[PDB]
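# Observations on the three-dimensional arrangement
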Amino acid sequence: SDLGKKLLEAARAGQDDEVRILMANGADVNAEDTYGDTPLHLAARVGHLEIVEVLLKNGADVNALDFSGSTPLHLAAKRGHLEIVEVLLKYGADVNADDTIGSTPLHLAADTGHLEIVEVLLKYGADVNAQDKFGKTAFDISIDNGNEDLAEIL
């Protein structure tokens, strides 16, 4: 896909004009890079909320999986992008998606100390008992990290 690749680069760079143009031209909204990441993954990871929004309005798969088993929500949560987390959840992101090692969005947000994100994930139904492949819950993570404020709510 010539235009899938340009869309991926434009989404990552936050070039909202180019994104709009490529989608108008007919670029696949769920185009993948060589890691299995779609434009929605790339924008969710880097933190371009306006790109996330427009992709989602153009029918982007909110629960697309890359080769590591990560959904956009995983990436936005891990990187602290609270507004992206909120919009992904409003559009039906799976709050309890588990990646290749069983990390959920709650594990990832707890591990990076993002309290506000943890709060919203919990509201959307994140499973506080979910273990990753090594047996750790989000709560365990919070104790390992010495983060007392996280632990309280987890």
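Looking at the method and resolution fields of the entry, one finds X-ray crystallography and 1.90 Å.

Our next topic: the overall build of the chain. Scanning the chain for helices and strands turns up 10 helices and 0 strands. In sequence order, the secondary structure elements of the chain are arranged as α-α-α-α-α-α-α-α-α-α. The C-alpha radius of gyration of the chain comes to 16 Å, within 12% of the 15 Å expected for a compact globule of 154 residues. Here the C-alpha coordinates of the chain stretch approximately 50 × 25 × 20 Å along the principal axes. In the chain, once contacts between residues fewer than 6 apart in sequence are set aside, the share between residues at least 24 apart is 65%. Carbon and sulfur atoms make up 47% of the accessible area of the chain, which amounts to about 7500 Å² in all. Of the charged side chains in the chain, 12 are positive and 28 negative; the average position of the first set lies 4 Å away from that of the second.

For the rest of this paragraph, the subject is the packing of helix α6 (residues 82-90) against helix α8 (residues 115-123). For the pair α6 and α8, interaxial distance at closest approach is 10 Å and the crossing angle is 10°. What the angle tells us is that α6 and α8 run roughly parallel. Seen from α6, the contacting residues are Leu82, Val85, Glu86 and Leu89; seen from α8, they are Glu116, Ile117, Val120 and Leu121. Broken down by class, the residue content of the contact of α6 with α8 amounts to 6 nonpolar, no polar and 2 charged.

Here we take up the environment of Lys136. Turning to its location among the elements, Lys136 is positioned in the loop between α8 and α9 (138-144). Judged by relative accessible area, which is 32%, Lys136 ranks as partly exposed. Along the primary structure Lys136 and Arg79 are separated by 57 residues, whereas in three dimensions their C-alpha atoms are 20 Å apart. At 2.4 Å, the side chain of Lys136 and the side chain of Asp144 are in polar contact.

Counting buried residues along helix α3 (residues 39-46), 6 of its 8 residues qualify, which places the element largely inside the surrounding structure. Of the surrounding elements, those touching the buried residues of α3 are α1 (2-13), α4 (49-57), α5 (72-78) and α6. Within two residues after α3, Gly47 carries a phi angle of roughly 100°, on the positive side.

Let's shift gears to the side chain of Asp37. Looking at the element boundaries, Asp37 is found in the loop between α2 (16-25) and α3. Although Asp37 is buried, it makes no salt bridge; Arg45 carries the closest opposite charge, 4.1 Å away. Apart from the residues within four sequence positions on either side, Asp37 is in contact with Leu8, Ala31, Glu32, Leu42, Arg45, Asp66 and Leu75.

Our focus in this paragraph is the pattern of salt bridges. Across all of its chains, the model carries 2 salt bridges by this definition. A salt bridge links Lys6 to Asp2, with the shortest nitrogen-to-oxygen separation between them at 3.1 Å. With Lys6 and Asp2 both in helix α1 and 4 residues apart, the pair spans about one turn of that helix. For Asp2, a relative accessible area of 62% puts it in the exposed group. In this structure, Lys136 and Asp144 form a salt bridge, with 2.4 Å as the shortest nitrogen-oxygen distance.

This part is about the environment of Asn25. Assignment of secondary structure puts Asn25 in helix α2. By relative accessible area, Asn25 is classed as exposed at 57%. It is 41 Å that separates the C-alpha atoms of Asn25 and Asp127, two residues lying 102 residues apart in sequence.

Each value, and the rule that gives it
- All residue numbers refer to a per-chain count from 1 along the written sequence rather than necessarily to the numbering of the entry. Residues that lack coordinates are not shown.
- The basis for every side-chain value is the complete set of non-hydrogen atoms in the structure, without hydrogens or water.
- Helix and strand assignments come from DSSP, with helices taken as H or I runs of at least 4 residues and strands as E runs of at least 2, each series counted from the N terminus.
- All radius of gyration figures rest on C-alpha atoms, and the globule criterion is 2.2 Å times the number of residues raised to 0.38.
- Contacts are assigned to residue pairs that have any heavy atoms within 4.5 Å of one another.
- Where accessible areas are quoted, they stem from the Shrake-Rupley method and a 1.4 Å probe; at the residue level, only the protein chains shown are allowed to cover.
- For the purpose of counting charges, residues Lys and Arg are taken to be positive, whereas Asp and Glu are taken to be negative. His and the chain ends are not included.
- Positions of charges follow a simple convention, taking NZ of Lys, CZ of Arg, CG of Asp or CD of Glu.
- As a rule, the C-alpha atoms of each element are fitted with a line to give its axis, helices using only the stretch in contact, and angles between N-to-C directions run from 0 to 180 degrees.
- For this classification, under 35 degrees means roughly parallel, over 145 means roughly antiparallel, 65 to 115 means roughly perpendicular, and everything else is oblique.
- Residues are sorted three ways: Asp, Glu, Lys and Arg are charged, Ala, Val, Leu, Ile, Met, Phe, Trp, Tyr, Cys and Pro are nonpolar, and all the rest, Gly among them, are polar.
- Relative accessibility decides the category of a residue: with a 1.4 Å probe and only protein chains considered, values under 20% of the type maximum give buried, values over 50% give exposed, and everything between is partly exposed.
- Whenever a nitrogen or oxygen atom comes within 3.5 Å of another N or O atom, the pair is scored as a polar contact, on the condition that within protein one atom can donate a hydrogen and the other can accept it, and that pairs from neighbouring residues in sequence are kept only if both atoms are in side chains.
- Criterion for a salt bridge: a side-chain nitrogen of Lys or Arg within 4 Å of a carboxyl oxygen of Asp or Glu.

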